[PDB]
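Single-structure report; data block below.
Atoms considered below: every heavy atom in the structure, side chains included; atoms not considered: hydrogens, waters and symmetry mates. In the text below, chain A, chain B and the rest are named by the order of the sequence lines, each starting its count at 1.
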Amino acid sequence: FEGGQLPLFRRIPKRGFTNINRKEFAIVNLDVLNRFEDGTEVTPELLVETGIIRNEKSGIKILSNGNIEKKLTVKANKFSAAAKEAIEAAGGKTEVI
Amino acid sequence: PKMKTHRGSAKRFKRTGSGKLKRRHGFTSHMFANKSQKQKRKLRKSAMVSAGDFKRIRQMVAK
Amino acid sequence: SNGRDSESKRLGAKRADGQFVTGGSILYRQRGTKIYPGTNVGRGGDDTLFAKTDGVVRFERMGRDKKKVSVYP
RNA sequence: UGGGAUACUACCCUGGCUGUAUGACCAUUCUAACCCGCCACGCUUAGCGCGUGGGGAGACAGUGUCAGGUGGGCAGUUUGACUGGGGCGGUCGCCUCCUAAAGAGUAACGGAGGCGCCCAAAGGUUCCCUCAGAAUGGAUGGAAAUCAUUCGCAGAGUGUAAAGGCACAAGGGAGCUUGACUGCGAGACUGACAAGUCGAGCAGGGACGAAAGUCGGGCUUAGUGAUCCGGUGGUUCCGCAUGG
RNA sequence: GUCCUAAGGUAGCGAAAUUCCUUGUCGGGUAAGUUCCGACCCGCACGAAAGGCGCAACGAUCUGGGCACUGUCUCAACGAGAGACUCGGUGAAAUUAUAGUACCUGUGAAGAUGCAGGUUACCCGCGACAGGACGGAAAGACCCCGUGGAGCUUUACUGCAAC
RNA sequence: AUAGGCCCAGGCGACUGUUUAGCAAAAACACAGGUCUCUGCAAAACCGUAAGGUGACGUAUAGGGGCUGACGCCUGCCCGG
RNA sequence: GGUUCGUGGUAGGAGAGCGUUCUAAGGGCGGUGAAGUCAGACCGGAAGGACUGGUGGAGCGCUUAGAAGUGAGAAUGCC
RNA sequence: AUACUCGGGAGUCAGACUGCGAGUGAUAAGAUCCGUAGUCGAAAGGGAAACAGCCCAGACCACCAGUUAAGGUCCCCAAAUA
RNA sequence: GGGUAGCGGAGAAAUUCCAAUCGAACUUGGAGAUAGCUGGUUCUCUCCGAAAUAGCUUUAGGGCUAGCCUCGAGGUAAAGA
RNA sequence: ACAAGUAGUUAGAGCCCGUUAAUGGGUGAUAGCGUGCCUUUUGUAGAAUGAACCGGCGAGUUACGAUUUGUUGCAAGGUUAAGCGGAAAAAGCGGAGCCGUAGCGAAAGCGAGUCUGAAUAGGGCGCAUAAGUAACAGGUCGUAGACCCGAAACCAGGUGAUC
RNA sequence: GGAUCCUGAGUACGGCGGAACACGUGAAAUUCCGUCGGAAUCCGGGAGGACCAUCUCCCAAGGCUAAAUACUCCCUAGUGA
RNA sequence: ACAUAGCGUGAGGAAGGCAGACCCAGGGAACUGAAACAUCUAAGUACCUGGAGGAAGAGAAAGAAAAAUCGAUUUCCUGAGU
Ligand SMILES: [Mg+2]
Ligand SMILES: [Mg+2]
Ligand SMILES: [Mg+2]
Ligand SMILES: [Mg+2]
Ligand SMILES: [Mg+2]
Ligand SMILES: [Mg+2]
Ligand SMILES: [Mg+2]
Ligand SMILES: [Mg+2]
Ligand SMILES: [Mg+2]
Ligand SMILES: [Mg+2]
Ligand SMILES: [Mg+2]
Ligand SMILES: [Mg+2]
Ligand SMILES: [Mg+2]
Ligand SMILES: [Mg+2]
Ligand SMILES: [Mg+2]
Ligand SMILES: [Mg+2]
Ligand SMILES: [Mg+2]
Ligand SMILES: [Mg+2]
Ligand SMILES: [Mg+2]
Ligand SMILES: [Mg+2]
Ligand SMILES: [Mg+2]
Ligand SMILES: [Mg+2]
Ligand SMILES: [Mg+2]
Ligand SMILES: [Mg+2]
Ligand SMILES: [Mg+2]
Ligand SMILES: [Mg+2]
Ligand SMILES: [Mg+2]
Ligand SMILES: [Mg+2]
Ligand SMILES: [Mg+2]
Ligand SMILES: [Mg+2]
Ligand SMILES: [Mg+2]
Ligand SMILES: [Mg+2]
Ligand SMILES: [Mg+2]
Ligand SMILES: [Mg+2]
Ligand SMILES: [Mg+2]
Ligand SMILES: [Mg+2]
Ligand SMILES: [Mg+2]
Ligand SMILES: [Mg+2]
Ligand SMILES: [Mg+2]
Ligand SMILES: [Mg+2]
Ligand SMILES: [Mg+2]
Ligand SMILES: [Mg+2]
Ligand SMILES: [Mg+2]
Ligand SMILES: [Mg+2]
Ligand SMILES: [Mg+2]
Ligand SMILES: [Mg+2]
Ligand SMILES: [Mg+2]
Ligand SMILES: [Mg+2]
Ligand SMILES: [Mg+2]
Ligand SMILES: [Mg+2]
Ligand SMILES: [Mg+2]
Ligand SMILES: [Mg+2]
Ligand SMILES: [Mg+2]
Ligand SMILES: [Mg+2]
Ligand SMILES: [Mg+2]
Ligand SMILES: [Mg+2]
Ligand SMILES: [Mg+2]
Ligand SMILES: [Mg+2]
Ligand SMILES: [Mg+2]
Ligand SMILES: [Mg+2]
Ligand SMILES: [Mg+2]
Ligand SMILES: [Mg+2]
Ligand SMILES: [Mg+2]
Ligand SMILES: [Mg+2]
Ligand SMILES: [Mg+2]
Ligand SMILES: [Mg+2]
Ligand SMILES: [Mg+2]
Ligand SMILES: [Mg+2]
Ligand SMILES: [Mg+2]
């Protein structure tokens, strides 16, 4: 309340809408994949057991942030272009389940 | 009981990564004959909530 | 029947002679050219003088009756 | 005889108007719903009620739902602030000046004025220019019109108040034009916030100019009003199982 | 003449329960009359059923004058009772920061028992009087304020009954 | 001891009545009378959601409502709103 | 532990504490007299705390922590 | 010897007088309204008899010590009948 | 002896009366209504210490942001005086 | 019992005492200085407010959220809720969920970037300059009567015409 | 097995007016009330938030049903920083 | 006229109370909040009335969904102040 001066929130317009079908992915940066042993097949189920992602909202997306050392086989619902390149640049294969 | 979010505010502000509030500008419906194209370009962008205003309203939009 | 006046417009010098300014710094707010745009200084649409480059502000005589403001890097 | 013709003609058609498919619309009559604060009889030792029979009324009235109108009869409320008490009067936003004490800012129901627009050029650019007034001479022609010479820093002009500017003009002509552009924007001013102001420069694509260059309206500073809600145009956005 | 209007106030009455100016003016009444009575009409702003103008009778009605009468008064005196006062019995109340509680002139939140400078003043009571304690009583009813109430009004807004 | 003071003149209200229990008794209200108007009887009007009532066991010489207020003389003009 | 500069204060911010009732644990007092109450010339920088004596006649401190119905001179306060 | 930044917590939005500079007013007001400085507010002490706002000056506590400020030194009344 | 009851009665009308209450009775409840107003708010010492302004406000004796106070933390061509 | 008093205080004889033994106690001739307390105020000794006195009682609390500081545990993680078990225990079990670990965008989406934009431009918000989370305690805020007392009023159901 | 027959009618639903749904008529599905209109009826019908189509899941207009939940005038035994 | 109404007799049953609680239904405020106020809030609350029962209500899909499936209702935690 501003003692009758029109409050800030009414001086400015409402914006946008909420999407009923909004997908939010559980994010996994490369750095945490170094945790795993070399030549290992990283699944969502393996990513929740280990305790890296607890709730797999809409799916698991792999993002680049950090740098991967080990040569893995990572299967996730989505990969960033950079993440895919980086997983491969190390000497691994990405699959999109 | 839980605090209630101010819904008017929740439809107008957006919380940034650093925890500030971003807002739109006012004078951006109608009466556009009365504003310059420079004014229009500027008013079209987003803005941050001022320190003074933020102090007054932050509890209204916690959560 | 009186009782009216407009808001004061805060005209006059905004940077001192000998002060370092960044490009775009308003040097003088004015109606018309009380002071003229010197070297590395522009005159805006409302007659506002602004630095076009970084440097030091210098208010100078133009010749007898007139005055200019320049920005020297 | 005329731009249109006459008859036959067929698509038709205009005023009058008959048959034939509808239809509500009135209008009158009818009785059997409904009604009777009518009579007689019964329940019944009852001026209630109900029943039976007459009479009256009748597709109305009454009653339900829906709709328009009237509607302080009754209800809930609103009916501003400033103010040398309040009321009455005046004022309320914006621009310019003085007050304002040679930065900025600065009050009073202090002193003065303006605004709620205008301009397709009164904008942009290129080129060229110089105003007021007076004196003297001269047809209509007068104190004053249009010529001519001289003197004239501006005594003019600048769409419009005032202040600050402006004669390398920002004033006045002419040619071509639409930068009165789209995306922006280092950085600054102003400022409680909301807003407001200036901006080099970058990109796109232009106008004028031989080029240099200037141009994101107008000499500058008023000419405006948030949000919510609605309308219109666009749209590589969403679309509540899926396609819409 | 002339402008306007739907039409421009008739009779009666009029300085009035109505007249601002105003104690209008004139007359009457009084030694002297802002009131009263009678006239006059320039009716600020009477007027015909929110009736006009009269009017016998009536009125704890209002107004002016007179006679009677009188302590109403000149201007106060005396007497009676009740209370007061003294004694015996009984015995409240409002109020109350503590008080050993003068005056003057000043000062000060601009009106002082209490501050200053002076001036007065032995201690304790009783009968009396009210100048002060901005005395008591009552969170001023006037006045303003409150985005307080309530009652009332209407061609305020929105409604509702009823028709 | 107990038992009207009176007169002249004016305003208002005709009159007897009525009223602010507890600051106003009056010139206020009422009133008889006047006038307008509504009402054909399951009357109009009024109370009630209704039934049921009042009106009225009345019926236009009656009933409801508005205004005026005995009586006398009267009651003008305007229907644009 | 010294040195230097400080230490008026309303609204108000900050800090450290006193005391009250109750709980826990530890350790005590008390019919050879508890609490309360009365008095006093005692102690601490304050809130406060002891001691001695009278009254009283059965309960109460202290330490450390914890929890609060935790402190009154004003409310035309209520009894 | 402070500034600035970011956080937690406020209170304040009746001001007053004095001096100076202005308006309003009558070149009145202990008037009103600004600007500027001070004091009061929230400041005890000394002076101005008394006297928030003037002059001098800032109270941590104790002392029967001292020196000064405004203002004073005949008596009330400390100090010069200098 | 009875009748009329509060969004109501009753009123020869005064806002008049309805249990010493009436411009809308009393009582209980909603109810601890609301009160930008007034009053009040209880132990101690230590350190610091304001404001009575601007802007906007159905705003003017209220509020909000800013200014001025306080506590903590940060950071350096020290930017303050 | 010659005195002018917010009643004390400082100085101080005299008289009277004798202690928690202290540069002690009671009283106070006389002298200096000295306008209660509270509230509210620009300013109150105030001739502004409140209190007769004494005593008792009498006002920021709790719950659930938010936020910030302190503390502790664990830490790129942290933590369980209801519930089961039980003694109105303690553990154990319970990972559903919540917060954090990634942002940008109205959104599709893309992701250490993203949005805007024709842009490989500039600019916004982010990253590069990782710490959170659970619990308790302090401060403040929100919803609740929310520090306490106080209207006039409003509405609902009843009770009253013994006045 | 599927020749035939049955499987809740003034119902469902719709218009109009309201209400309940967190959902204030809204683009308003779903549920109920008043009023008026008014289906299909296994080759059938409903829903998936206007609506149509597809798919999916259901079979209304009949009824009954313990426990886990609420509260305590009571009784018994206990508890309380 | 049959008969119906009516009238009589005999069986069954009801009636009233309350735990100032909880439950379901019919009817349903205002103060208050919105810094005014009318939509909205308070609140389907208070209150009145009826029905109850030891509990009531709900309940065996013309359901929830759309991870591809679940399998009556109720209550708690959560979702989410979304
Ligand atoms: Mg738009
Ligand atoms: Mg000004
Ligand atoms: Mg311009
Ligand atoms: Mg009304
Ligand atoms: Mg109301
Ligand atoms: Mg006013
Ligand atoms: Mg005055
Ligand atoms: Mg005045
Ligand atoms: Mg100046
Ligand atoms: Mg729209
Ligand atoms: Mg779809
Ligand atoms: Mg005479
Ligand atoms: Mg007439
Ligand atoms: Mg008449
Ligand atoms: Mg008459
Ligand atoms: Mg006489
Ligand atoms: Mg006696
Ligand atoms: Mg004086
Ligand atoms: Mg005096
Ligand atoms: Mg004296
Ligand atoms: Mg006195
Ligand atoms: Mg008095
Ligand atoms: Mg008063
Ligand atoms: Mg009063
Ligand atoms: Mg009479
Ligand atoms: Mg009489
Ligand atoms: Mg009386
Ligand atoms: Mg009388
Ligand atoms: Mg009848
Ligand atoms: Mg009359
Ligand atoms: Mg009559
Ligand atoms: Mg000091
Ligand atoms: Mg101090
Ligand atoms: Mg504190
Ligand atoms: Mg005890
Ligand atoms: Mg005792
Ligand atoms: Mg207490
Ligand atoms: Mg007391
Ligand atoms: Mg001054
Ligand atoms: Mg003054
Ligand atoms: Mg003060
Ligand atoms: Mg002083
Ligand atoms: Mg003195
Ligand atoms: Mg004082
Ligand atoms: Mg000395
Ligand atoms: Mg000396
Ligand atoms: Mg001497
Ligand atoms: Mg009475
Ligand atoms: Mg309530
Ligand atoms: Mg109360
Ligand atoms: Mg200090
Ligand atoms: Mg406003
Ligand atoms: Mg105040
Ligand atoms: Mg003596
Ligand atoms: Mg003597
Ligand atoms: Mg008193
Ligand atoms: Mg906290
Ligand atoms: Mg009412
Ligand atoms: Mg009764
Ligand atoms: Mg009687
Ligand atoms: Mg409906
Ligand atoms: Mg709803
Ligand atoms: Mg459907
Ligand atoms: Mg229907
Ligand atoms: Mg359906
Ligand atoms: Mg759908
Ligand atoms: Mg939906
Ligand atoms: Mg079926
Ligand atoms: Mg309010």
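- The base of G103(D) does not come close enough to the side chain of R10(C) for any donor and acceptor atom to sit less than 3.5 Å apart.
- Counted within 6.0 Å of NZ on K68(C), heavy atoms from surrounding residues, nucleotides or ligands total more than 12; the atom is thus considered enclosed.
- Annotation: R31(C) side chain contacts the minor groove (heavy-atom distance below 5.0 Å to purine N3/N2 or pyrimidine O2 of paired bases; major groove not contacted).
- Side-chain to base pairing of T33(C) with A170(D): one donor and one acceptor N or O lie within less than 3.5 Å of each other.
- Across all strands shown, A19(I) forms no Watson-Crick or G-U wobble pair with both key distances under 3.5 Å.
- For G77(J), the base has a donor-acceptor partner in the side chain of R54(A) [N/O atoms by modelled type, under 3.5 angstrom].
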Would you please test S25(C) and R15(C) for side-chain hydrogen bond (donor to acceptor under 3.5 Å, both in side chains) and show each step? CA-CA 8 Å; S25(C) 290; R15(C) 289 289 182 284; 4.8 Å; no
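- Regarding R29(C), its CZ atom lies at a distance of 10 Å from the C1' atom of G196(D), rounded to whole Å.
- Taking atom P on both nucleotides, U28(D) is separated from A61(D) by 14 Å, rounded to a whole Å.
- Atom CZ in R56(B) sits roughly 18 Å away from atom P in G55(I) (whole-Å rounding).
- Taking only distance into account, the side chain of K52(C) never meets the base of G201(D) through a donor-acceptor pair shorter than 3.5 Å.
- Judged purely by atom type and a 3.5 angstrom limit, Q39(B) uses its side chain to pair as donor or acceptor with the backbone of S36(B).
- Between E60(C) and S70(C), the side chains place a donor N or O and an acceptor N or O closer than 3.5 Å (distance only, hydrogens not considered).
- Scanning atom types as modelled, one donor and one acceptor separated by under 3.5 angstrom connect the side chain of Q59(B) and the base of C141(J).
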